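Quick setup: one chain, the form deposited in one PDB entry, written in structure tokens, and binding and motion questions come after.
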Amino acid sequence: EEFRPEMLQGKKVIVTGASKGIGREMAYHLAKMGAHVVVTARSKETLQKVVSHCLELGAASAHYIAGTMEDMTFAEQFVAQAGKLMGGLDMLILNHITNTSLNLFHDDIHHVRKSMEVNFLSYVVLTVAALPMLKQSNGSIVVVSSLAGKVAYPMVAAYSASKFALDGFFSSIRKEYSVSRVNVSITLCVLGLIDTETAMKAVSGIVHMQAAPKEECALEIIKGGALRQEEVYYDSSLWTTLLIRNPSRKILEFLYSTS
């Protein structure tokens, strides 16, 4: 069962937070791979500029729908109109995130909430919406996450708390769907340090560490989402890909799959 770029040729894929960084990269790969793609963010021409670039690369469609993921209702009707546009949904790629920097937690609950709303809560809203379509297409879901979403790490509390939330939620939903005969794929991506303009500015000269390529990360998340893989791991450290895997949990879950 090998991945084929040709696999994503007629698929109507949505990609959130595709204005820049990873998001944008996934947008291009999927574009060049000739497929209907809808990018969303909060940037007039920043999007207007990637849509153009997509069509050129060899898309098959390309639009955009600006709106902050803070307004749950935007995500509400976003999926709506993004669907009343491609005609159904074949693979949602939630990936957007409220911008965050490195800081020790003090009293910024507003920012704790923002994250826990944008980074997580909106991902549910987007899913609920896209589900019907997805169920009907046997779509795949891809929730981009971080190492911080698997391991405790200082200076990124509110951030990590949200990515952890996505695991606790999507992995559980995955299980319900499993037994609920629903044939909708659900991929979770734990990413290591990626060379985005965002990270390489929010951590450069601060939280010491080396990053991995951007585009190589985007397509990887893709082969993973497409192959209906459970989770995808992508980090430039061998020994990390080695440890980040927790089989104790896999077993405990299995053992508990009979109760």
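The numbering used is simple: start at 1 and walk along the sequence shown. Between two forms, the rigid core is the largest collection of C-alphas that superpose within 1.5 Å. Residues that one form lacks are left out of the comparison.
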Worksheet item: Within the set of other compared PDB entries, does residue 69 lack a model in a third or more?
Response: no
Worksheet item: Looking at the other compared entries that model both neighbours, is residue 207 missing coordinates in at least a third of them?
Response: yes
Response to the item:
Going by the entry, of stretches 225-233 and 196-204 the one with greater average Cα B-factor is 196-204
Response to the item:
Higher avg CA temperature factor (250-258 vs 4-12, as deposited) belongs to 4-12
Fill in: Maximum C-alpha temperature factor, selected from 85, 151, 125, 112
85
Practice prompt. Pull the Cα B-factor of residue 80 out of the PDB entry and bin it into the chain's lowest, middle or highest third.
Written response: highest
Worksheet item: What third of the chain, by the recorded C-alpha B-factor, contains residue 71?
Response: highest
Worksheet entry | residue 30, C-alpha B-factor rank within chain (lowest, middle or highest third) | highest
Worksheet entry | Ranked against its chain, the third holding the CA B-factor of residue 191 | lowest
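Another form, the form deposited in another entry, is not on view; read the next lines as being about it.
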Worksheet item: For residue 209, is the C-alpha shift between the shown form and the other one 2 Å or more after core superposition?
Response: yes
Item to complete: Taking the rigid core as the superposition reference, indicate whether the CA of residue 237 shifts 2 angstroms or more between the shown form and the other one.
Response: yes
Response to the item:
Assert for residue 239-residue 191 (C-alpha, 3 Å or more) in the other entry vs reference form: pair closer
Worksheet item: Where do residue 188 and residue 238 end up in the other entry, Cα atoms closer or farther than shown, with a change of 3 Å or more?
Response: closer
Discussion item. Counting only residues modelled in both forms, where do runs of 3+ with a CA shift of at least 2 Å appear between the shown form and the other one, relative to the core?
Written reply: 205-210, 235-244
